[PDB]
There are 4 protein chains.
Amino acid sequence: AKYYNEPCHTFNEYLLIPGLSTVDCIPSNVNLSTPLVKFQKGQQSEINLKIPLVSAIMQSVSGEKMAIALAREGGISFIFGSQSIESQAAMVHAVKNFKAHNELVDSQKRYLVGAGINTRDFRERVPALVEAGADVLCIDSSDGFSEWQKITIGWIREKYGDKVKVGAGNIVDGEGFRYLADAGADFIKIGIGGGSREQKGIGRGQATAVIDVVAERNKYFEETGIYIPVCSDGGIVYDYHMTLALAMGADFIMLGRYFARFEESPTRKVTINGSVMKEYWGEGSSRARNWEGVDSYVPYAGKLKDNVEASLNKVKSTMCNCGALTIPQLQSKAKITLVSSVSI
Amino acid sequence: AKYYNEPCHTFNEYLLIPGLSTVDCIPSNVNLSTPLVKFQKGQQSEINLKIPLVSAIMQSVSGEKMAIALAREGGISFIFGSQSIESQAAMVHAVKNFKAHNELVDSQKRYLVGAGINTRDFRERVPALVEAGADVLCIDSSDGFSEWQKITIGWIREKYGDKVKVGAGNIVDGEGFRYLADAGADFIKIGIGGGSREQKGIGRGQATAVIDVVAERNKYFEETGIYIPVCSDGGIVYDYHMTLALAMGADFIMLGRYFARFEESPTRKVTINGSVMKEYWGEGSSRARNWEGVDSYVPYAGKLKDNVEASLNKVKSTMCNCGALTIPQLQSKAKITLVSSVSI
Amino acid sequence: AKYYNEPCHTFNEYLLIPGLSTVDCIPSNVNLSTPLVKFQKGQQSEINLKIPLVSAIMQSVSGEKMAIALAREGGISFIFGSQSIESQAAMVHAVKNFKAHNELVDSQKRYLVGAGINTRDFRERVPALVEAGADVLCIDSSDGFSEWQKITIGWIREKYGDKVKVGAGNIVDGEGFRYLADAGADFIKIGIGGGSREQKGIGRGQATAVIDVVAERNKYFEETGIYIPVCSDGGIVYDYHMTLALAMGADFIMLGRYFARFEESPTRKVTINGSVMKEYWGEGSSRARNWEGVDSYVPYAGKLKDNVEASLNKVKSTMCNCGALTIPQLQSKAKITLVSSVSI
Amino acid sequence: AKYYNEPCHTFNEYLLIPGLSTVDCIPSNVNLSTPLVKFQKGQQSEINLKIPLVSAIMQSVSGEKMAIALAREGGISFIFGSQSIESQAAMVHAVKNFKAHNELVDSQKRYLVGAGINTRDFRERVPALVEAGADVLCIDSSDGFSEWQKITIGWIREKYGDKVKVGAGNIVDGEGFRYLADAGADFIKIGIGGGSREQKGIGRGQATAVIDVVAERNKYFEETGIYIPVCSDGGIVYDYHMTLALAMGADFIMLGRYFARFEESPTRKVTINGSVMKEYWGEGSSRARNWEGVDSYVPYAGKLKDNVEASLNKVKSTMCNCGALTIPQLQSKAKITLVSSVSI
Ligand SMILES: NC(=O)c1ccc[n+]([C@@H]2O[C@H](COP(=O)([O-])OP(=O)(O)OC[C@@H]3O[C@H](n4cnc5c(N)ncnc54)[C@H](O)[C@@H]3O)[C@@H](O)[C@H]2O)c1
Ligand SMILES: NC(=O)c1ccc[n+]([C@@H]2O[C@H](COP(=O)([O-])OP(=O)(O)OC[C@@H]3O[C@H](n4cnc5c(N)ncnc54)[C@H](O)[C@@H]3O)[C@@H](O)[C@H]2O)c1
Ligand SMILES: NC(=O)c1ccc[n+]([C@@H]2O[C@H](COP(=O)([O-])OP(=O)(O)OC[C@@H]3O[C@H](n4cnc5c(N)ncnc54)[C@H](O)[C@@H]3O)[C@@H](O)[C@H]2O)c1
Ligand SMILES: NC(=O)c1ccc[n+]([C@@H]2O[C@H](COP(=O)([O-])OP(=O)(O)OC[C@@H]3O[C@H](n4cnc5c(N)ncnc54)[C@H](O)[C@@H]3O)[C@@H](O)[C@H]2O)c1
Ligand SMILES: O=c1[nH]c(=O)c2[nH+]cn([C@@H]3O[C@H](COP(=O)(O)O)[C@@H](O)[C@H]3O)c2[nH]1
Ligand SMILES: O=c1[nH]c(=O)c2[nH+]cn([C@@H]3O[C@H](COP(=O)(O)O)[C@@H](O)[C@H]3O)c2[nH]1
Ligand SMILES: O=c1[nH]c(=O)c2[nH+]cn([C@@H]3O[C@H](COP(=O)(O)O)[C@@H](O)[C@H]3O)c2[nH]1
Ligand SMILES: O=c1[nH]c(=O)c2[nH+]cn([C@@H]3O[C@H](COP(=O)(O)O)[C@@H](O)[C@H]3O)c2[nH]1
Ligand SMILES: [K+]
Ligand SMILES: [K+]
Ligand SMILES: [K+]
Ligand SMILES: [K+]
């Protein structure tokens, strides 16, 4: 077997050491724009998020209202694919035709929206999603280091060329990244065993996963001239974990629990002895996938807007402490230290 | 004294990083066959388990019903030797004559069964066990790095040559493995201070023990052409620990607590305030060895079959995530990372 | 991004290994004097504390009574600047005119006192503080690696030259130290995420911060001939942490919680079911800064004098165990070992 | 300051890996004899304990009955010196004249006994102790790396030459050992911050302390031909810690809590709601030193004999697992591994 020189680590094991903060770095001047899909050196991504946050491909988080609410703030949602092709396409269509400063929209001023797909019924689901107006797709899987994903991306390329964007994942190392990059993925999702590994035994600390995949992505860019955006998926407990994920190289972040707490999540608001909660279950739980996970409750946080703006104001503030006015500048200037077990 | 460069680790400190999963790796195509006794390069083992699980040499787990139930699933039990020679031989005989797709049987279609022996009364116990039809024997001891075991194996060779198979142990390092290999053991058992060390002070994290013994076993194979199967004994808390043990090099796994929970274990089923439990005590407890351990209760799990098949389906699934269709392929392709203290 | 070879550590992870204790090292012969402001090689600091303790720039700790009580023992307080320029100046004036063996005083026998300033209204606050008689100033900020601080120090130099002393901070690495040193700081404060980091994600274990800044300060001294005193600010839970901070290179220590417990702190004494407590809130809490922190209670300790003398007697005693009669000798002879996670 | 490459560790962080156990290593054949005082290469120590255990120099453990009871088993007690010279001498005399297979006695068949002394009134205490018949003395101090101890040993040599044996300590590193060795100590005691460091901040994990001091002691032996026995003092929680301490190089072990639990300890037996306890307080507690420590209760264990024999049977058993029939052989053959934080 193959072993590693160092153990893997989670976001909770890191802290950022401040860099020079210039008089021009104030939160309001921080640009949180970020590329969503791959492009060649020298060019810009065809799709850029206004904020580096995307909602998880889950029944309990990415519904119509979520997609609309997040797009309004500059991010994008990936309508869950764990439902009929007709239902998902309908949700996508509803978001695209809803309108009939930081909002994420297309050339027709319609909100952007994503849609998750699986490596099984894509020959029928994809066309339906494209026709419905889906701006981007993403293969939804825990272990994306699979030939099934290569086959799915290949089919999409054969039928649509590079006109249909498709993210792939999840992977946690350079080999997995490399495989999906060569297969043609527009963006690669990072993360196995991090979300809200102690059942199947597969996974890797999210921080180590991001750091290693990013190094491979950069190596890949230097070899091919192709920059593939990567997504840190899961493992984000606190707002500062967002800044860490971005500083370590992730272009954007996918979150489930974070968004499930909002009024716009498609789950029922339930009051548990004085506390308003919201339902939240994984796609691997028996409660789903029947149209690897648990079924629980998250504290109600109110509307997405206020929470997202508060979280991002914190990120912007921290970025200025690190002397960065943009995500790429943060990824370049960030000083990241591991913290001792005892300190935690 | 002799010290080591790194501290030892337990199974709980590791995770598997996925490898390429091909379209042909589906759980139903995973072969869990594994060698039980030593053979030379180029040949096959005279005895191959259908599944890599064997029940512990304990009064509270390996009785007749257990031996039969496990053999039916492809594994083998080692009837405890902590009883009279006549009683143990009778149990062995009963299993061999019980019948008067994955079942483990001999050329006469009789279920395979093992029997534990000690380094004291073997001159009388062994012949009785051989006559009773025992398919394989195993010296039952915590510290197998002993001249007493060399003497026992030597006596068996002198009287039966290589016609009677005998496992030895336990050891936790290359030196101990080497000593039992040269003594003639057919398979070497790994593990001291792991089962369900804080009393005598001897032992080693199971993971480190397996990894180090396996490296020595491989070195030994390259030097002599003799492949000696090794058994990871104890320290398995969760199903994924099985996959880890196998990925690290163990050919098969010995378990006590895991099997004690089943209806077929020879212990009394007791109800403790709404919970059906089963008795489970170590061979080192005063409750035994009078014909180093504790006496407790384990939650009732039902019949062996359903539990074993569920556990192995998980192992098979994980093996496919690692791109392996067989145990040897898993041992070759597995990517194993240590996890930080804080992550746990 | 930039990463580090080792994780950071806190004071709790260290212990001092005794050195040779000579017959002349008795507690009463230990000199705790220490430089407060920078000087060139070969000279003495214009301001030397009698004891290496200074009270934090906080509303809940450094008021008039505190400043007087601490100065009487040989230390100095930094009257909080989170109040009107007129109020702070009045407090400073009151301390300077209060008197109208180890007391810290000026040539006119008046108690020494410090005052915190911010990088915003200093053009008006500073002159008022100088006129009021403030002996030293200190820019109060969490992230002192800022151009705003360079600008503030520069303004002070342009108007007062080196006649007005001003400390700066906080920083946690060599780069931050270097930046404030070149900007002209008279002393640099160390510490971010240590006080009584899990919200913004910035910081560093106090021990690592002190050790690294001190090495840079020493390197800086060798290159320029300028010795800049450094202050370990926050992260001191137990008395022995003081000895550690000093042994690691800090010239003096800034504390908040420690002094807030005293009768002389400006907070209300409140009895909570049999226990007399005192209020203590951070400057980052909403409870302040409205003229990043929590609002709590600390156990009443009585008058500053008895507590400070008890704490320092312990430090002196430990210094003798290390064979040191002075802080510089301690910094030179101290043997400091990290302790394992498990030992704690 | 001086730092170290690795953090220090405690006994709880180690385990012994078995070595070859020969047919001749049975517990009853294990020799636990060990040297108490220094000798030159090629010779034997003038005083050899029958068992490697000595009771602590404490008011709550080493009284007359303890000294007699331990000597009967082969060990020796050090009558506490924290009492009047007349009282201590009387206790020593009482043990020497008490009798007016493994017992530790002199040429006149009288039980051996030790006595603690301080670096203050030794000019009067020592002569009284020698006249009373004390077989060995030991300077009782937490930080023995002191000129006061050198002065005390020097005075003893000047007046008695090498006819009066005196142990010194405590130290935790090679430098401290070296200093007391050159000063003339007959045996050096190891241990600061281990007994039943979080107050003064000085100390070192007991295991690291023993390992480092032993390496220096061996280096010293090779340079001078003088073998100085070392004593692991404190930090022993479980019986197996004894085996570890000996395996790491300690010739003998000093214990307080362990012996305080016995009927023969000089403390009052008190019943606390169904549990018979015994008082146990440190020499640094206010409860003493008035003729750094806590005052507590330890569970009653009964008479010393049965407990000591049970503890040593375990040590002997473990020694055989390591292939050792004697302590020196154990120190030579022991395989000691550090254990991960998580494993504990
Ligand atoms: N990130 C994690 O750690 C994690 C863990 C568990 C579950 N999940 C989530 O649960 C949901 C399902 O994930 P998943 O990976 O278990 O589902 P998946 O569809 O990606 O799983 C594919 C695996 O390959 C098999 N297979 C056999 N033939 C196949 C074919 N023709 N095409 C594709 N696969 C074939 C099975 O489908 C098996 O599920 C997702 O939302 C995923 O994110 C995530
Ligand atoms: N794996 C562990 O960590 C662990 C720990 C404690 C107990 N156990 C279990 O307890 C049971 C007993 O194990 P054990 O090792 O204590 O028993 P064992 O029979 O292997 O022990 C042999 C040891 O050598 C001695 N000895 C002296 N003469 C001997 C002779 N002629 N032949 C053999 N030994 C001689 C004693 O028997 C002593 O018990 C086993 O089932 C074992 O698995 C396991
Ligand atoms: N040490 C720590 O870890 C920590 C953490 C949080 C808060 N605090 C305390 O809270 C109090 C406030 O600290 P702070 O650093 O948040 O306040 P600060 O005044 O030092 O913060 C300056 C930051 O730059 C911005 N800025 C924009 N224009 C500016 C200008 N012209 N001049 C200066 N800054 C400008 C904002 O003021 C922003 O607060 C202090 O007492 C500080 O010690 C300490
Ligand atoms: N091992 C530990 O970690 C630890 C910690 C605290 C206390 N203790 C115990 O408490 C008891 C007292 O230990 P201690 O070291 O505090 O006492 P000690 O007598 O060894 O201490 C000597 C120190 O030097 C000073 N000194 C000044 N003049 C002196 C002189 N002329 N001679 C000697 N010392 C002079 C003081 O006495 C001061 O106590 C002992 O039993 C000791 O084992 C042990
Ligand atoms: O172990 C898992 N069991 C599940 O049932 C499950 N469902 C989703 N996911 C994955 O978790 C991400 C969301 O994580 P957070 O809630 O931590 O943001 C998601 O974006 C997915 O990557 C699962 N992981
Ligand atoms: O410390 C011990 N004290 C005992 O009394 C004892 N009895 C058995 N064994 C050993 O433990 C293995 C079973 O472990 P699990 O329950 O963890 O599967 C078994 O297979 C044995 O190796 C003991 N170990
Ligand atoms: O995280 C923080 N939030 C706050 O609100 C805050 N207020 C003060 N400080 C800083 O803490 C130091 C005092 O710490 P102690 O109480 O630990 O001595 C002080 O000297 C400051 O450096 C803060 N840090
Ligand atoms: O920190 C301490 N405060 C005290 O008051 C104290 N009194 C004794 N000792 C030392 O501890 C040893 C006994 O330890 P155990 O109870 O762990 O065997 C003893 O042998 C001494 O080395 C003290 N250490
Ligand atoms: K900064
Ligand atoms: K895979
Ligand atoms: K000393
Ligand atoms: K052995």
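Computed over heavy atoms, backbone and side chain alike; hydrogens, waters and symmetry mates excluded. Below, chain A is the first sequence line, B the second, and so on; all start at residue 1. Numbering of ligands and ligand atoms starts at 1, following listing order.
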ask   = Is the distance from the K ion (ligand 9) to some N, O or S atom of A:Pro18 under 3.4 Å?
value = no

note = One finds that the ligand 6 atoms under 4.0 Å from a non-hydrogen atom of B:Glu292 are 1 (O), 2 (C), 3 (N), 4 (C), 5 (O)

query = So is B:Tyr280 close enough to ligand 6, meaning a heavy atom under 4.0 angstrom away?
reply = yes

message = I'd like to know whether ligand 6 has B:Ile236 as a neighbour, heavy-atom separation below 4.0 Å.
response = no

key: Stepwise side chain to side chain contact (heavy atoms under 4.5 Å, CB included) test for B:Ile253 and B:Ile236   = CA-CA 9 Å; B:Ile253 307 163; B:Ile236 286 203; 3.3 Å; yes

request  = Report, rounded to 10°, the angle at the K ion (ligand 9) between the two atoms O (A:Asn321) and OD2 (C:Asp143).
outcome  = 90°

task = Using distance alone, with no hydrogens and no angle criterion, decide if D:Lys200 and C:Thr318 have a side-chain donor and acceptor under 3.5 Å apart.
result = no

ask   = For ligand 6, is there an atom lying under 4.0 Å from some heavy atom of B:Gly235?
value = yes

task = Please identify which atoms of ligand 6 are closer than 4.0 Å to at least one heavy atom of B:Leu255.
result = 18 (O)

note = Sorted by chain and residue number, the salt bridge (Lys or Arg N to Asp or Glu O under 4.0 Å) partners of B:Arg287 (sequence neighbours excluded) come out as B:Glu279, B:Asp295

message = For a quick check under 3.5 Å, do A:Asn321 and A:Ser21 share a side-chain donor-acceptor pair by atom type?
response = no

Residue pair B:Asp233 / B:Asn170, side-chain donor-acceptor N/O under 3.5 Å = yes

ask   = With a cut-off of 3.4 Å, does any N, O or S atom of A:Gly19 fall short of it relative to the K ion (ligand 9)?
value = yes

